[PDB]
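Chemist: Got a structure for you, coords_22.txt, holding compact mmCIF, C-alpha atoms.
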# COMPACT_ATOMS: atom_id res chain seq x y z
CA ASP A 1 0.00 0.00 0.00
CA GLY A 2 1.15 3.55 -0.86
CA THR A 3 0.14 6.83 -2.59
CA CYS A 4 -1.61 4.95 -5.45
CA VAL A 5 -4.06 6.88 -7.67
CA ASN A 6 -5.95 3.70 -8.59
CA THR A 7 -9.29 4.13 -10.39
CA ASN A 8 -10.43 0.47 -10.72
CA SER A 9 -7.23 -1.57 -11.37
CA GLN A 10 -6.04 -4.66 -9.50
CA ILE A 11 -2.84 -4.44 -7.43
CA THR A 12 -2.09 -7.68 -5.53
CA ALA A 13 -1.32 -7.91 -1.77
CA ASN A 14 2.48 -7.96 -2.51
CA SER A 15 2.42 -5.55 -5.49
CA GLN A 16 2.93 -1.81 -4.75
CA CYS A 17 2.01 1.60 -6.16
CA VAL A 18 3.43 4.98 -5.04
CA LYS A 19 2.57 8.45 -6.53
CA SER A 20 1.39 6.65 -9.71
CA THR A 21 -1.95 6.25 -11.55
CA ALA A 22 -3.70 3.04 -12.64
CA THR A 23 -6.62 2.58 -15.06
CA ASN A 24 -8.10 -1.00 -15.17
CA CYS A 25 -4.56 -2.48 -14.86
CA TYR A 26 -3.69 -5.94 -13.50
CA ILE A 27 -0.57 -5.63 -11.34
CA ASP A 28 0.65 -9.02 -9.99
CA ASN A 29 3.73 -9.14 -7.69
CA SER A 30 4.69 -5.88 -9.49
CA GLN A 31 5.72 -2.29 -8.75
CA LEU A 32 4.16 0.84 -10.32
CA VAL A 33 6.12 3.83 -8.93
CA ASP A 34 7.16 7.51 -9.33
CA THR A 35 4.50 8.95 -11.69
CA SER A 36 4.09 5.71 -13.62
CA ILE A 37 0.74 5.56 -15.42
CA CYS A 38 -0.90 2.31 -16.65
CA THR A 39 -4.02 1.72 -18.75
CA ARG A 40 -5.57 -1.77 -19.35
CA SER A 41 -2.10 -3.40 -18.96
CA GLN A 42 -0.81 -6.58 -17.28
CA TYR A 43 2.31 -6.37 -15.08
CA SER A 44 3.63 -9.68 -13.72
CA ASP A 45 6.62 -9.87 -11.31
CA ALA A 46 7.84 -6.58 -12.90
CA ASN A 47 8.90 -2.99 -12.00
CA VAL A 48 7.92 0.21 -13.78
CA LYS A 49 9.11 3.77 -13.00
CA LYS A 50 7.81 7.10 -14.46
CA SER A 51 6.49 5.28 -17.57
CA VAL A 52 3.20 5.56 -19.51
CA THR A 53 1.89 2.16 -20.55
CA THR A 54 -1.28 1.23 -22.48
CA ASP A 55 -2.59 -2.28 -23.36
CA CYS A 56 0.78 -3.95 -22.57
CA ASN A 57 1.96 -7.25 -21.03
CA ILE A 58 5.09 -6.76 -18.91
CA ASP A 59 6.52 -10.00 -17.48
CA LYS A 60 9.64 -10.21 -15.22
CA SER A 61 10.84 -6.87 -16.68
CA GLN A 62 12.15 -3.47 -15.48
CA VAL A 63 10.92 -0.29 -17.19
CA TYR A 64 12.07 3.35 -16.75
CA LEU A 65 10.62 6.58 -18.27
CA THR A 66 9.33 4.54 -21.26
CA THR A 67 6.15 4.67 -23.41
CA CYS A 68 4.61 1.19 -23.89
CA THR A 69 1.76 0.97 -26.44
CA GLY A 70 0.09 -2.36 -27.33
CA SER A 71 3.41 -4.19 -26.69
CA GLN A 72 4.85 -7.10 -24.68
CA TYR A 73 7.99 -7.04 -22.52
CA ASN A 74 9.32 -10.41 -21.30
CA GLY A 75 12.47 -10.61 -19.11
CA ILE A 76 13.83 -7.18 -20.23
CA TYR A 77 15.33 -3.92 -18.95
CA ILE A 78 14.16 -0.87 -20.95
CA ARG A 79 14.78 2.87 -20.39
CA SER A 80 13.80 6.18 -22.02
CA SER A 81 12.22 4.30 -24.99
CA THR A 82 8.92 3.95 -26.92
CA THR A 83 7.43 0.65 -28.19
CA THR A 84 4.34 0.32 -30.43
CA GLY A 85 2.73 -3.04 -31.30
CA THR A 86 5.91 -5.00 -30.36
CA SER A 87 6.93 -8.17 -28.49
CA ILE A 88 10.37 -7.94 -26.85
CA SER A 89 12.22 -10.79 -25.09
CA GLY A 90 15.73 -11.92 -24.05
CA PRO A 91 15.70 -12.77 -21.19
CA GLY A 92 18.33 -10.25 -19.97
CA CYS A 93 17.37 -7.97 -22.90
CA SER A 94 18.56 -4.38 -22.42
CA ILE A 95 17.16 -1.39 -24.41
CA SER A 96 18.00 2.33 -24.09
CA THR A 97 16.64 5.41 -25.92
CA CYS A 98 14.97 3.40 -28.76
CA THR A 99 11.71 3.80 -30.69
CA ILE A 100 10.33 0.44 -31.91
CA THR A 101 7.23 -0.32 -34.03
CA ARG A 102 6.03 -3.89 -34.91
CA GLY A 103 9.50 -5.45 -34.35
CA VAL A 104 11.50 -2.72 -36.21
CA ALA A 105 13.67 -0.34 -34.14
CA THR A 106 14.61 3.15 -35.43
CA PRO A 107 18.12 3.40 -37.04
CA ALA A 108 18.99 6.36 -34.74
CA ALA A 109 22.39 6.12 -32.99
CA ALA A 110 20.54 6.94 -29.71
CA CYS A 111 18.91 3.46 -29.80
CA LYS A 112 21.01 0.93 -27.84
CA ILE A 113 20.09 -2.77 -27.63
CA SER A 114 21.98 -5.67 -25.99
CA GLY A 115 21.04 -9.35 -25.42
CA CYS A 116 17.56 -8.84 -26.96
CA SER A 117 15.15 -10.22 -29.58
CA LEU A 118 12.37 -8.14 -31.23
CA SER A 119 9.12 -9.26 -32.90
CA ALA A 120 5.82 -7.80 -34.13
CA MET A 121 2.80 -8.07 -31.82
Show the structure stored in the file as structure tokens.
Modeler:
Amino acid sequence: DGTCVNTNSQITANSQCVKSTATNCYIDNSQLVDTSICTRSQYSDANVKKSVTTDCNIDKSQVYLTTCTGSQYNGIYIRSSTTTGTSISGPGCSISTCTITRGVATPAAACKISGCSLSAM
């Protein structure tokens, strides 16, 4: 329990939310903190910080200041990035400052990836 701004989402007994907003999310053993915002998304044994996530599935992953849209994260670490209609796995995948749409990352030198695999949703 914490400074959640939960509308109608689920946050399990061992999940946590702090100064963050939740809209019909399903947060299972997961952490939604520091102005994170979720909308109709599944978090499972995962952590999210200052990110805005919509219709996503985030399993055993860590997410920081990222914009998840209609995408899946599975065993990854992702920061300062945007993902649209994607499925991203490793495990131990690492992503920094990327923009990714249906399995294709932008060719910008700002995008870093290590130990990862990308796919279309």
Chemist: Could you tell me which of A:25, A:108, A:88, A:100 comes closest to residue 61 in chain A if we count all atoms listed in the file?
Modeler: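 Nearest candidate to residue 61 in chain A out of A:25, A:108, A:88, A:100: A:88.
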Chemist: Can you work out which one of A:113, A:48, A:27, A:65 has the shortest atom-to-atom distance to residue 14 in chain A, counting all atoms listed in the file?
Modeler: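 Checking each of A:113, A:48, A:27, A:65 against residue 14 in chain A, counting all atoms listed in the file, the winner is A:27.
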Chemist: I'd like the neighbourhood of residue 59 in chain A as a list in words, where a residue qualifies if any of its atoms comes within 10 Å (using all atoms listed in the file), though same-chain residues fewer than 2 positions away should be ignored.
Modeler: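 Everything that qualifies: residues 28, 30, 42, 43, 44, 45, 46, 47, 56, 57, 61, 62, 72, 73, 74, 75, 76 and 89 of chain A.
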Chemist: At a cut-off of 10 Å from (7.3, 0.7, -9.2) in the coordinates of the file, what residues are picked up using all atoms listed in the file, written as a list in words?
Modeler: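 Answer for this query, in the requested form: residues 15, 16, 17, 18, 19, 20, 30, 31, 32, 33, 34, 35, 36, 46, 47, 48, 49, 50, 51, 62, 63 and 64 of chain A.
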Chemist: Give me, please, the distance in Å between CA of residue 105 in chain A and CA of residue 78 in chain A, quoted to one decimal.
Modeler: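 CA of residue 78 in chain A lies 13.2 Å from CA of residue 105 in chain A.
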Chemist: If I take CA of residue 41 in chain A and CA of residue 5 in chain A, how far is one from the other in Å, to one decimal?
Modeler: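 The value is 15.4 Å.
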Chemist: Have a look at CA of residue 23 in chain A and CA of residue 82 in chain A and let me know their distance in Å, one decimal.
Modeler: 19.6 Å
Chemist: Of the candidates A:67, A:39, A:106, A:97, which shows the shortest atom-to-atom distance to residue 80 in chain A, using all atoms listed in the file?
Modeler: A:97
Chemist: Once N, CA, C and O atoms are restored for range 56-82 of chain A, what would the output be as a short mmCIF file (atom, residue, chain, number, x, y, z; two decimals), in the coordinates of the input?
Modeler:
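And here's result_29.cif as it stands now:
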data_model
loop_
_atom_site.label_atom_id
_atom_site.label_comp_id
_atom_site.auth_asym_id
_atom_site.auth_seq_id
_atom_site.Cartn_x
_atom_site.Cartn_y
_atom_site.Cartn_z
N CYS A 56 -0.49 -3.23 -22.50
CA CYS A 56 0.78 -3.95 -22.57
C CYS A 56 0.77 -5.18 -21.67
O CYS A 56 -0.10 -5.32 -20.81
N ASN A 57 1.77 -6.05 -21.84
CA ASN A 57 1.96 -7.25 -21.03
C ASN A 57 3.43 -7.23 -20.66
O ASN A 57 4.28 -7.36 -21.53
N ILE A 58 3.74 -7.03 -19.38
CA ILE A 58 5.09 -6.76 -18.91
C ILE A 58 5.41 -7.85 -17.90
O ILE A 58 4.89 -7.82 -16.78
N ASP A 59 6.24 -8.82 -18.29
CA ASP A 59 6.52 -10.00 -17.48
C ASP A 59 7.99 -10.00 -17.10
O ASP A 59 8.85 -9.83 -17.97
N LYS A 60 8.29 -10.16 -15.80
CA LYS A 60 9.64 -10.21 -15.22
C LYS A 60 10.59 -9.14 -15.76
O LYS A 60 11.78 -9.40 -15.96
N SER A 61 10.09 -7.93 -16.02
CA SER A 61 10.84 -6.87 -16.68
C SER A 61 10.98 -5.64 -15.78
O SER A 61 10.30 -5.52 -14.76
N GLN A 62 11.86 -4.72 -16.17
CA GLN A 62 12.15 -3.47 -15.48
C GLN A 62 12.05 -2.37 -16.53
O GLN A 62 12.63 -2.48 -17.62
N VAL A 63 11.30 -1.31 -16.23
CA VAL A 63 10.92 -0.29 -17.19
C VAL A 63 11.12 1.08 -16.55
O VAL A 63 10.69 1.29 -15.41
N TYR A 64 11.74 2.02 -17.27
CA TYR A 64 12.07 3.35 -16.75
C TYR A 64 11.76 4.40 -17.81
O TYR A 64 12.25 4.30 -18.93
N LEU A 65 10.98 5.42 -17.44
CA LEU A 65 10.62 6.58 -18.27
C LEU A 65 10.32 6.23 -19.74
O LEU A 65 10.78 6.90 -20.67
N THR A 66 9.57 5.15 -19.96
CA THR A 66 9.33 4.54 -21.26
C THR A 66 7.84 4.66 -21.61
O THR A 66 7.00 4.91 -20.74
N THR A 67 7.50 4.51 -22.89
CA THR A 67 6.15 4.67 -23.41
C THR A 67 5.75 3.36 -24.09
O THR A 67 6.13 3.11 -25.24
N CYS A 68 5.05 2.48 -23.37
CA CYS A 68 4.61 1.19 -23.89
C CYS A 68 3.22 1.35 -24.50
O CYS A 68 2.31 1.82 -23.82
N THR A 69 3.04 0.90 -25.74
CA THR A 69 1.76 0.97 -26.44
C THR A 69 1.54 -0.38 -27.11
O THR A 69 2.30 -0.76 -28.02
N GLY A 70 0.52 -1.13 -26.68
CA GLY A 70 0.09 -2.36 -27.33
C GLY A 70 1.22 -3.39 -27.48
O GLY A 70 1.23 -4.11 -28.48
N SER A 71 2.17 -3.43 -26.55
CA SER A 71 3.41 -4.19 -26.69
C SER A 71 3.60 -5.17 -25.53
O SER A 71 2.97 -5.05 -24.48
N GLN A 72 4.52 -6.12 -25.70
CA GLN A 72 4.85 -7.10 -24.68
C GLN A 72 6.32 -6.98 -24.33
O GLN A 72 7.16 -6.90 -25.23
N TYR A 73 6.64 -7.02 -23.04
CA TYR A 73 7.99 -7.04 -22.52
C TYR A 73 8.10 -8.33 -21.72
O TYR A 73 7.21 -8.63 -20.92
N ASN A 74 9.16 -9.12 -21.94
CA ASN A 74 9.32 -10.41 -21.30
C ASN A 74 10.79 -10.60 -20.91
O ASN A 74 11.63 -10.89 -21.76
N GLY A 75 11.11 -10.44 -19.63
CA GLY A 75 12.47 -10.61 -19.11
C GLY A 75 13.43 -9.53 -19.61
O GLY A 75 14.54 -9.88 -20.03
N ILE A 76 13.03 -8.26 -19.64
CA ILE A 76 13.83 -7.18 -20.23
C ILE A 76 14.09 -6.05 -19.24
O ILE A 76 13.42 -5.92 -18.22
N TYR A 77 15.03 -5.18 -19.59
CA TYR A 77 15.33 -3.92 -18.95
C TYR A 77 15.23 -2.88 -20.06
O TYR A 77 15.89 -3.03 -21.09
N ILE A 78 14.39 -1.86 -19.91
CA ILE A 78 14.16 -0.87 -20.95
C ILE A 78 14.07 0.52 -20.32
O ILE A 78 13.40 0.69 -19.30
N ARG A 79 14.76 1.50 -20.91
CA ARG A 79 14.78 2.87 -20.39
C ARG A 79 14.63 3.90 -21.50
O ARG A 79 15.18 3.73 -22.59
N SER A 80 13.93 4.99 -21.19
CA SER A 80 13.80 6.18 -22.02
C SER A 80 13.36 5.87 -23.46
O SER A 80 13.78 6.57 -24.39
N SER A 81 12.54 4.83 -23.66
CA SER A 81 12.22 4.30 -24.99
C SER A 81 10.72 4.36 -25.28
O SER A 81 9.92 4.71 -24.41
N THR A 82 10.31 4.01 -26.50
CA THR A 82 8.92 3.95 -26.92
C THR A 82 8.75 2.67 -27.75
O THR A 82 9.61 2.35 -28.57
#
